[PDB]
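Same protein, same chain, two forms; see structure 1 and structure 2 below, as structure tokens.
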Structure 1
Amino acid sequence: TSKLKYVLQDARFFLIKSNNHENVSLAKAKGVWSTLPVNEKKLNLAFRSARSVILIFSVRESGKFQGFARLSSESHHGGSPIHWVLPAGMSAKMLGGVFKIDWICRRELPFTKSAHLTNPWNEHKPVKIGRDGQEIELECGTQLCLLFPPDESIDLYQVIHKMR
């Protein structure tokens, strides 16, 4: 995992929570993500200050993580629309900011396999606990990403090249 550990060096980690499976599947297919404006501003500021910003995805009530990815841009408004399945009470403009993301792993990891990992930045609660945008301490987030099964469909050349 030396290439994987390289991508994770000095990274900041954020839990991303989706209300539906459809938007995570579209995120994996198109390499983009959108979030509410508060978390959008948080991720934009993290992108500018951190070597890498890693998003760890978990569909609400699914009992698993669905993979993780690296932010490759700040959010962009006004591009070609992403046709998200809009959660209840949310409009398309609320998710108007579109981040480009490079997926590092698109495989699943059940919460049962992460039960030994606690986040010291969230009162040492298990890493499965949190709302959208919950930040995860460096070492806890690194170990979590290393728990995912290997994704043979991922080529880390491009993400590593744009980090040089």
Structure 2
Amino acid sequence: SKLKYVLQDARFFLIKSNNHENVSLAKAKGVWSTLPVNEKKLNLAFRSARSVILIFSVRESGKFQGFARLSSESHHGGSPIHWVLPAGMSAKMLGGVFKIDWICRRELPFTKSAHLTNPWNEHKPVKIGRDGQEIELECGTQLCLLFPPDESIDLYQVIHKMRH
């Protein structure tokens, strides 16, 4: 029930990382960053929706690595984070830093989501999509409910940080 409360009326985005290190840093530090165009879209979504849920997948892994709620709009951030940037990209191109509240840090293999389709991506399987693909409400809710419950996470701390 607590997870479903967190997910009520949420918007869902599929976030694809080229490597494991960025998702590991996000789990360790509770933060996320991206290019300004995407940052703008996330900030708009954050102000417009009861919750914004990021569902993370490392390409070539065949799995989702967890999901998290946007905790606030982006801000300047602290000391540099050693993100692993795509070949040739300068860290000077990154925007601000989002604080994220992890709801599940456990993995879900794509084999377990093979029955779900995203109406907002031509009913392709929900694993399929470009970085930032939005997942329709009911599909995104079912996908999140497929993850194993994460006993290392206190959903009350997630619920307390909600300001809807």
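Here, residue number means position along structure 1's sequence, counting from 1. Rigid core here is just the name for the largest C-alpha set that superposes within 1.5 Å across the two forms.
On rigid-core superposition between structures 1 and 2, the C-alpha of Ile56 is found to move 0.1 angstrom. Here the two forms are laid over each other by their core, and the C-alpha of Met94 is off by 2.2 Å between structures 1 and 2. Lined up on the core, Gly78 has its CA atom moved by 5.5 Å between structures 1 and 2.
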